[PDB]
Number of protein chains: 2
Amino acid sequence: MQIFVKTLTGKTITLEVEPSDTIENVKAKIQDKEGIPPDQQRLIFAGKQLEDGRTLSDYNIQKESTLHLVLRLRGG
Amino acid sequence: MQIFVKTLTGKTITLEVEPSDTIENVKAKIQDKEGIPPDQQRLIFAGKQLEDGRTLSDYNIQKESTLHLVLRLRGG
């Protein structure tokens, strides 16, 4: 299925994923596709930050669901 | 998600947090559970002493991760 990722600049990117994909997998797609390491990605769906070890199906993410990508430096 | 907190006496407590919860909010939760003021709490993950203004996700604190709690009096 196809889901969209919205950035804070208003850009929209697309991914082909499956319900079984974990959030870290989706962050890995964004890394290969856009060059951002997962350490710097935060994914938000329905106002909730998504947990790496859970799947897209755990969050009821369906086809043409829109996630929000937020870029973040890691903790110091 | 569930996190674990380890003290200097080997005791393990647990909390139900969100990836976006700030370290300030985790200390308040420990205050809810143990009555210890946040001022007296130092939270540590991977040897790093965490910053109250960062989120758990900024430190790669995830499902069933174990933080360490050290108690210290304020400066203050």
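Criteria and cut-off values
These residue numbers run from 1 along each chain by written sequence and may not equal the entry numbers. Residues without coordinates are not shown. Starting at A for chains and at 1 for ligands, labels are handed out in the order in which the entities are written. The basis for every side-chain value is the complete set of non-hydrogen atoms in the structure, without hydrogens or water. Helix and strand labels come from DSSP, where a helix needs a run of H or I of at least four residues and a strand needs a run of E of at least two; each type is numbered from the N terminus. Atoms counted for the radius of gyration: C-alpha only. Globule rule: 2.2 Å times residue count to the power 0.38. Exposure is judged per residue with a 1.4 Å probe applied to protein chains only, and the accessible area is read against the type maximum: over 50% gives exposed, under 20% gives buried, and values in between give partly exposed. Only heavy atoms matter for contacts: two residues are in contact if any of them lie within 4.5 Å across the pair. All accessibility values rest on the Shrake-Rupley procedure with a 1.4 Å probe; residue burial counts only the protein chains present in the view. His is not counted, nor are the chain ends, whereas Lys and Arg count as positive and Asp and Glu as negative. By convention, the charge on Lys lies at NZ, on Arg at CZ, on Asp at CG and on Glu at CD. Pairing between two strands requires that DSSP report at least two bridges joining them. Lines fitted to C-alpha atoms define the axes, with helix axes restricted to the stretch in contact, and inter-axis angles between N-to-C directions lie between 0 and 180 degrees.

As deposited, the entry is annotated with X-ray crystallography as its determination method and 1.594 Å as its resolution.

## Points about the overall build of chain A
Looking only at helices and strands, chain A has one helix and five strands in total. The order of α-helices and β-strands along chain A, N terminus first, is β-β-α-β-β-β. On C-alpha atoms alone, chain A measures out to a radius of gyration of 11 Å, which is about the 11 Å that the 2.2 N^0.38 rule sets for 76 residues. If you line up chain A on its principal axes, its C-alpha atoms span 35 × 25 × 25 Å. Looking at chain A as a whole, 42% of its 76 residues are labelled buried. Counting only contacts in chain A whose residues sit at least 6 apart along the sequence, the fraction spanning at least 24 positions is 54%. Accessible area of chain A: about 4,200 Å², with a carbon and sulfur share of 48%. When the 11 positive and 11 negative side-chain charges of chain A are each reduced to one mean point, those points stand 7 Å apart.

## Observations concerning the sheet that holds strand β1 (residues 2-7) of chain B
Residue and element names in this part refer to chain B. A sheet is described by the order of its strands in space; here five strands give the open sequence β2-β1-β5-β3-β4, paired in mixed fashion. In this open sheet, the two strands that pair with only one neighbour each are β2 (12-16) and β4 (48-49). Each of β1, β2, β3 (41-45) and β5 (66-71) touches helix α1 (residues 23-34); the most contacted strand, β2, lies at about 115 degrees to it.

## Regarding the sheet that holds strand β2 (residues 12-16) of chain A
Two pairing modes exist for strands in a sheet, parallel and antiparallel, and in both the strands are linked by backbone hydrogen bonds. Residues and elements named next belong to chain A. A sheet is described by the order of its strands in space; here five strands give the open sequence β2-β1-β5-β3-β4, paired in mixed fashion. Two strands lie at the open edges of the sheet, namely β2 and β4 (48-49), each paired on one side alone. Relative to strand β5 (residues 66-71), strand β1 (residues 2-7) runs parallel, the two sharing four bridges. Residue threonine 7 lies in a different strand from β5, and its bridge partner there is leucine 69. Along the sheet face, helix α1 (residues 23-34) touches β1, β2, β3 (41-45) and β5 and points at about 120 degrees away from the line of β2.

## Here's the deal with the pairing of β3 of chain B
Residues and elements named next belong to chain B. Summarising burial for β3: five of the five residues are buried, a large majority. Alternating positions in β3 separate into two faces, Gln41, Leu43 and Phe45 on one and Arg42 and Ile44 on the other, with burial throughout. For β3 and β5, the ladder comprises four bridges, and the chain directions are antiparallel. In the sheet register, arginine 42 faces β5, and the bridge partner there is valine 70. Direction of pairing for β3 relative to β4: antiparallel, over a ladder of two bridges. Note on β4: the bridge partner recorded for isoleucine 44 is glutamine 49.

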